[PDB]
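J.: Quick one: this structure, given as structure tokens, is what I'll be asking you about.
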RNA sequence: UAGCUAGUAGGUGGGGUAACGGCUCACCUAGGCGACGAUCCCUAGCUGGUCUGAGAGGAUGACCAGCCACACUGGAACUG
RNA sequence: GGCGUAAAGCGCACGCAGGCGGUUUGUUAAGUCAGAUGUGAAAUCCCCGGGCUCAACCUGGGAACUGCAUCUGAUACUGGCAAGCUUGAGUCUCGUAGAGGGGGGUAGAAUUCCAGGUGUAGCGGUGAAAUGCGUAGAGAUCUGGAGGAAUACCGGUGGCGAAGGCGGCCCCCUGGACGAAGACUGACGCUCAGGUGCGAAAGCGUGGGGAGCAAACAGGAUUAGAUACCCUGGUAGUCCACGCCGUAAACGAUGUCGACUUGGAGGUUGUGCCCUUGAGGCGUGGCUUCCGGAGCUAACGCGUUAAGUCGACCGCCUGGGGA
RNA sequence: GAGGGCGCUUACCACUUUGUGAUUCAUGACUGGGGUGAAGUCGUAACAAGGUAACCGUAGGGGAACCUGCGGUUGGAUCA
RNA sequence: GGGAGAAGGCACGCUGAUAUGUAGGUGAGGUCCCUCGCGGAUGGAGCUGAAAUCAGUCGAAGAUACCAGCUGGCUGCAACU
Ligand SMILES: [Mg+2]
Ligand SMILES: [Mg+2]
Ligand SMILES: [Mg+2]
Ligand SMILES: [Mg+2]
Ligand SMILES: [Mg+2]
Ligand SMILES: [Mg+2]
Ligand SMILES: [Mg+2]
Ligand SMILES: [Mg+2]
Ligand SMILES: [Mg+2]
Ligand SMILES: [Mg+2]
Ligand SMILES: [Mg+2]
Ligand SMILES: [Mg+2]
Ligand SMILES: [Mg+2]
Ligand SMILES: [Mg+2]
Ligand SMILES: [Mg+2]
Ligand SMILES: [Mg+2]
Ligand SMILES: [Mg+2]
Ligand SMILES: [Mg+2]
Ligand SMILES: [Mg+2]
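Residue numbers (the authors' numbering), protein chains in the order written: chain BO, 2 to 89; chain BH, 2 to 130.
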């Protein structure tokens with residue numbers, strides 16, 4: 002799925018230090034990265050319905066963190082969608 | 002999920018009595034702690050403990066008499082999906098006054114007889130016989 | 001029957017009204033209702049209560065008493 | 001009240017609205033509960049009475065009108081706010097098994113057809129037959145060749161998937177699943193009308209493909225008949241692409257999630273400890289099969305993978321025919 | 001002279017009219033299925049292994065029940 | 001896509017005002033920038049100017065002439081140009 006270096010890089014970039022491996026922002030970047038990577042995969046193949054059901058799980062899970070994030074703290078949510086360029 | 006911990010307490014009791022278990026244990030909670038107390042005072046269980054600190058474990062020591070379990074029936078009434086409140090003049094009595102109903106009042110959870118003597122109503126948690 | 005909606009819903013002012021209000025008029029705003037059933041269609045006068053029912057309901061609203069409504073059909077003022 | 005078989009769980013999923021919600025302190029007092037004041041026409045109903053000889057009847061005072069509105073209070077519960085909490089949930093690390101998906105490549109068996117050799121009169125088929133094929137040399141056999149489909153053995157109440165479903169081998173991209181320690185977010189969870197996607201086979205559009213099988217079609221038989229079962233042939237279609245269709249006994253005829261309740265023998269896949277002292281041994285986790293205990297059930301049965309014992313949400317049922 | 005009233009004149013509107021819709025009740029040659037009987041004709045599909053296991057979905061055929069193809073389920077008998 | 005100009009209706013001249021000609025459109029002098037010309041913001045003078053609405057006026061008649069669709073329904077055949 003995702004390589005250890007690209008996850009370790011994101012864990013550094015978005016968490017309170019290197020070990021904040023479960024923060025909300027961390028989770029959503031990790032989800033975003035694989036979602037955008039798979040954009041390439043599913044442009045091709047595309048009949049790979051089984052893999053996509055796995056993808057929709059990643060998306061819907063990403064919204065739940067964002068909605069959870071949006072409430073409990075608002076500046077971090079806003080900062081975050083800007084930083085990843087989603088939402089119109 | 003565990004959206005009703007009250008049925009869980011009741012049910013662990015109901016099934017353990019049915020299974021001749023000597024005792025039963027479950028995650029604690031203050032509201033649970035108030036129920037084990039009423040049960041002991043009305044002679045339905047021996048004793049209880051809330052051993053644990055961070056992840057408090059509640060313990061009820063069950064009671065048996067003749068080959069029978071002291072608890073004949075114990076069922077949840079009000080419930081997250083359909084809450085039941087009564088005043089004072091509408092307070093149910095269980096088994097025609099035999100047994101008890103556990104009620105939550107403005108001055109806390111007690112049996113109907115006690116709440117009656119104090120002229121109050123509340124959310125009726127269960128019936129016990 | 002799933003969308004209904006231009007005096008439509010809000011505004012400023014003129015009138016009007018025993019009295020407030022789109023009551024009405026010009027003038028701005030583009031809103032308002034509705035899935036918590038809007039509109040549409042079918043039906044019906046409403047209640048106290050009545051019959052049944054352990055009860056909860058179900059049915060129902062002659063006689064009695066309370067409110068609305070009509071007065072050969074439709075439209076209109078007039079007087080007080 | 002119900003939905004394994006009587007009528008009834010949507011074929012499966014994700015998911016907005018919606019309904020539901022773990023645990024500690026604090027606050028708030030909306031829902032709640034207690035007190036009151038106003039109100040709830042009277043008649044009626046009821047209670048205790050009076051009254052006409054009784055009684056219908058009439059009536060007196062009280063009950064009750066359980067509702068509402070406000071007001072002063074209660075804080076256990078539910079809720080709204082704040083601060084948290086790690087045991088639900090999710091992330092990270094190392095790993096294990098698998099017909100999970102999508103694409104590309106390739107391999108060896110087989111059947112069909114074309115070319116060729118040898119060889120002689122039958123092959124073939126059936127209950128028996130005949131159609132058919134064969135002296136223009138079939139069939140049988142050897143050789144070379146073309147092409148499509150499917151992947152023997154392993155192969156297993158074996159494995160994976162949310163169902164549909166997915167099996168030769170290699171790679172590429174890719175989803176889920178489980179175990180071990182440990183760290184991290186800190187209620188982010190459950191469920192879903194609508195909606196959205198998936199969805200066997202057959203069918204359909206367009207263009208490719210076509211060996212084998214085979215609706216239709218045709219022949220030969222069987223038969224009282226024989227629009228069939230059998231036989232000789234055979235078109236769609238089965239195959240690929242892309243797009244529809246949206247259905248099946250889509251079944252466990254059992255919706256999803258979480259908690260609790262005696263046991264026995266296996267299969268499968270993790271992992272700790274053990275002298276692997278040698279196939280073994282004991283533990284702890286995941287999935288699964290069979291039998292069963294209580295209980296449940298109308299019975300049949302189900303029986304820790306419930307049809308037991310509770311809990312939140314959904315779907316759906318209301319005599320048969322007609323339909 | 002005010003002012004009134006009058007009559008006319010504008011607005012609004014009922015009775016009524018023209019074109020066009022939508023909805024309902026009744027009816028209609030002919031026509032599709034559906035139901036019921038008197039126990040007719042034809043057959044004999046299902047029930048037993050129902051004499052070709054049965055059914056679901058689907059597609060084609062066929063006087064009819066039905067036969068046949070593909071997949072699925074057991075709610076199929078017989079399994080030394 | 002259509003059918004559709006379906007079908008069927010209200011409008012129509014003239015005049016004053018709102019505004020002695022409004023919106024617009026065209027765009028002078030002034031001015032200032034000019035890397036200075038066939039150059040440029042500022043500028044709104046003058047020119048030109050449709051409809052619209054309030055109110056009047058007229059004949060029998062205001063799309064007044066020329067000019068310029070008849071429209072609707074059942075059906076045969078052929079796709080269509
Ligand atoms: Mg993987
Ligand atoms: Mg005003
Ligand atoms: Mg009426
Ligand atoms: Mg009854
Ligand atoms: Mg009238
Ligand atoms: Mg029933
Ligand atoms: Mg059935
Ligand atoms: Mg199901
Ligand atoms: Mg009264
Ligand atoms: Mg008397
Ligand atoms: Mg609270
Ligand atoms: Mg095709
Ligand atoms: Mg055949
Ligand atoms: Mg169905
Ligand atoms: Mg069993
Ligand atoms: Mg038969
Ligand atoms: Mg048969
Ligand atoms: Mg078959
Ligand atoms: Mg022609």
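For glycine and all other residues, C-beta sits at the position ideal for the given N, C-alpha and C.
(1) Figure out for me which residue from 77(BH), 52(BH) and 40(BH) has the closest Cα to the Cα of residue 27(BH).
(2) So for residue 43(BO), helix, strand or coil by DSSP?
(3) Reducing DSSP to helix, strand and coil, say where residue 27(BH) ends up.
(4) Assuming residue 40(BO) and residue 2(BO) are in contact, meaning their beta carbons sit under 8 Å apart, how far apart are those beta carbons, in whole angstroms?
(5) Report the rounded CA-to-CA distance for residue 51(BO) versus residue 60(BO), giving the unit in angstroms.
(6) Pick out whichever of 44(BO), 43(BO), 10(BO) and 45(BO) has its Cα sitting closest to the Cα of residue 28(BO).
(7) Taking Cβ positions, are residue 110(BH) and residue 102(BH) nearer each other than 7 Å?
(8) Going by DSSP in three states, residue 1(BH) sits in which element: helix, strand or coil?
(9) Are residue 37(BH) and residue 45(BH) close, meaning C-beta to C-beta below 7 Å?
(10) Thinking residue 42(BH) and residue 130(BH) are a contact (beta carbons under 8 Å), I'd like their distance in whole angstroms, please.
T.: Straight from the coordinates:
(1) 52(BH)
(2) helix
(3) strand
(4) That belief does not hold up - the Cβ atoms of residue 40(BO) and residue 2(BO) are roughly 15 Å apart, past 8 Å.
(5) 15 Å
(6) 10(BO)
(7) no
(8) Here chain BH has residues from 2 to 130 only, and residue 1(BH) is not among them.
(9) no
(10) Incorrect: roughly 16 Å between the Cβ atoms, too far for contact.
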